[PDB]
>>> print(open('work_8.txt').read())   # compact mmCIF, C-alpha atoms
# COMPACT_ATOMS: atom_id res chain seq x y z
CA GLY Z 41 -93.77 -44.69 40.96
CA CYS Z 42 -93.12 -42.86 37.70
CA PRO Z 43 -92.85 -39.06 37.31
CA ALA Z 44 -95.99 -37.04 36.58
CA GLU Z 45 -96.81 -35.92 33.04
CA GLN Z 46 -95.48 -32.75 31.40
CA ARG Z 47 -95.75 -30.46 28.38
CA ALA Z 48 -92.98 -27.87 28.55
CA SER Z 49 -89.21 -27.33 28.66
CA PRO Z 50 -88.28 -27.90 24.99
CA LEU Z 51 -84.61 -27.67 25.97
CA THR Z 52 -84.95 -31.10 27.57
CA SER Z 53 -85.75 -32.82 24.27
CA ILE Z 54 -82.63 -31.36 22.66
CA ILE Z 55 -80.25 -32.44 25.42
CA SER Z 56 -81.71 -35.95 25.32
CA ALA Z 57 -81.19 -36.30 21.57
CA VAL Z 58 -77.68 -34.85 21.73
CA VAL Z 59 -76.81 -37.53 24.28
CA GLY Z 60 -78.24 -40.29 22.11
CA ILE Z 61 -76.14 -39.39 19.08
CA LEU Z 62 -73.04 -38.60 21.13
CA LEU Z 63 -73.41 -41.90 22.99
CA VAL Z 64 -73.71 -43.98 19.82
CA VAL Z 65 -70.61 -42.28 18.41
CA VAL Z 66 -68.45 -42.97 21.46
CA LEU Z 67 -69.77 -46.49 22.03
CA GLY Z 68 -69.43 -47.13 18.30
CA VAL Z 69 -65.71 -46.37 18.18
CA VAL Z 70 -65.12 -47.89 21.61
CA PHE Z 71 -66.97 -51.15 21.01
CA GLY Z 72 -65.56 -51.47 17.51
CA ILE Z 73 -61.96 -51.03 18.62
CA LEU Z 74 -62.66 -53.23 21.64
CA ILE Z 75 -63.65 -56.17 19.44
CA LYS Z 76 -61.14 -55.46 16.67
CA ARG Z 77 -58.24 -55.88 19.09
CA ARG Z 78 -59.55 -59.40 19.71
CA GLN Z 79 -59.53 -60.19 15.99
CA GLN Z 80 -56.04 -59.04 15.01
CA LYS Z 81 -53.43 -56.32 15.53
CA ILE Z 82 -54.19 -53.21 13.48
CA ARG Z 83 -51.96 -50.73 15.32
CA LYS Z 84 -48.79 -52.08 13.71
CA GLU O 134 -100.92 -10.73 36.89
CA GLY O 135 -99.88 -13.65 39.07
CA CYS O 136 -100.36 -17.34 39.80
CA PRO O 137 -97.19 -18.71 38.14
CA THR O 138 -98.38 -22.25 38.89
CA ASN O 139 -94.81 -23.14 39.85
CA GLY O 140 -92.24 -24.29 37.31
CA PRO O 141 -88.77 -25.62 38.22
CA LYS O 142 -89.87 -28.64 40.25
CA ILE O 143 -89.11 -32.32 39.66
CA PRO O 144 -90.12 -33.91 37.57
CA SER O 145 -88.69 -31.44 35.05
CA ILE O 146 -85.04 -31.75 34.02
CA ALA O 147 -84.94 -35.46 34.86
CA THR O 148 -86.74 -36.01 31.56
CA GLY O 149 -83.42 -35.31 29.89
CA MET O 150 -81.76 -38.49 31.12
CA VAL O 151 -84.83 -40.61 30.41
CA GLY O 152 -85.04 -39.13 26.93
CA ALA O 153 -81.46 -40.07 26.10
CA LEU O 154 -81.90 -43.63 27.38
CA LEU O 155 -85.30 -44.21 25.77
CA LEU O 156 -84.16 -42.86 22.41
CA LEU O 157 -81.07 -45.07 22.58
CA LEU O 158 -83.22 -48.17 23.05
CA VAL O 159 -85.69 -47.03 20.40
CA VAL O 160 -82.99 -46.38 17.81
CA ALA O 161 -81.08 -49.56 18.64
CA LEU O 162 -84.30 -51.51 18.08
CA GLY O 163 -85.04 -49.80 14.78
CA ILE O 164 -81.50 -50.09 13.44
CA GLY O 165 -81.06 -53.65 14.69
CA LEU O 166 -84.36 -54.83 13.24
CA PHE O 167 -83.76 -53.10 9.91
CA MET O 168 -80.21 -54.46 9.68
CA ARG O 169 -81.39 -57.93 10.69
CA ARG O 170 -84.34 -57.84 8.30
CA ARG O 171 -81.80 -58.49 5.55
CA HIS O 172 -80.58 -61.63 7.32
CA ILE O 173 -77.35 -59.73 7.97
CA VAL O 174 -75.92 -61.36 11.10
CA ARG O 175 -72.38 -60.84 12.39
CA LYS O 176 -72.23 -64.27 14.04
CA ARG O 177 -74.49 -67.28 14.60
>>> encode(input="work_8.txt", output="structure tokens")
Amino acid sequence: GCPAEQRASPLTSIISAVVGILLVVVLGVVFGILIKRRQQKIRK
Amino acid sequence: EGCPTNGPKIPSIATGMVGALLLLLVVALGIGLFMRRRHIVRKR
């Protein structure tokens, strides 16, 4: 079953968002460099 | 006066993780659909 409803703890919304942006940034550079290596050599 | 009605009891902080995941999926869907709306595909 899913967790009951809520309507408090505004600090939870912030942490969630921070993770979303931080995740996209890391995955963005990681995934990009992960695929690039397959294309061609960029690091000399 | 009294009757705190509890507070720190799951669910509570767990919302943080769910928020990060949900947002990630929500954003990915919005960015992917908007970027695809212009028939801009990386590979077919």
>>> atom_distance(input="work_8.txt", atom1="atom CA of residue Z:53", atom2="atom CA of residue O:170")
29.7 Å
>>> residues_around(input="work_8.txt", residues="residue O:153", least_positions_apart="4", cutoff="7 Å", atoms="only C-alpha atoms", output="VMD selection string")
(chain Z and resid 56 to 57 59 to 60) or (chain O and resid 149 157)
>>> atom_distance(input="work_8.txt", atom1="atom CA of residue O:172", atom2="atom CA of residue Z:70")
25.1 Å
>>> interface_residues(input="work_8.txt", of="chain Z", to="chain O", cutoff="9 Å", atoms="all atoms listed in the file", output="list in words")
residues 43, 44, 45, 46, 48, 49, 51, 52, 53, 54, 55, 56, 57, 58, 59, 60, 61, 63 and 64 of chain Z
>>> atom_distance(input="work_8.txt", atom1="atom CA of residue O:177", atom2="atom CA of residue Z:75")
16.3 Å
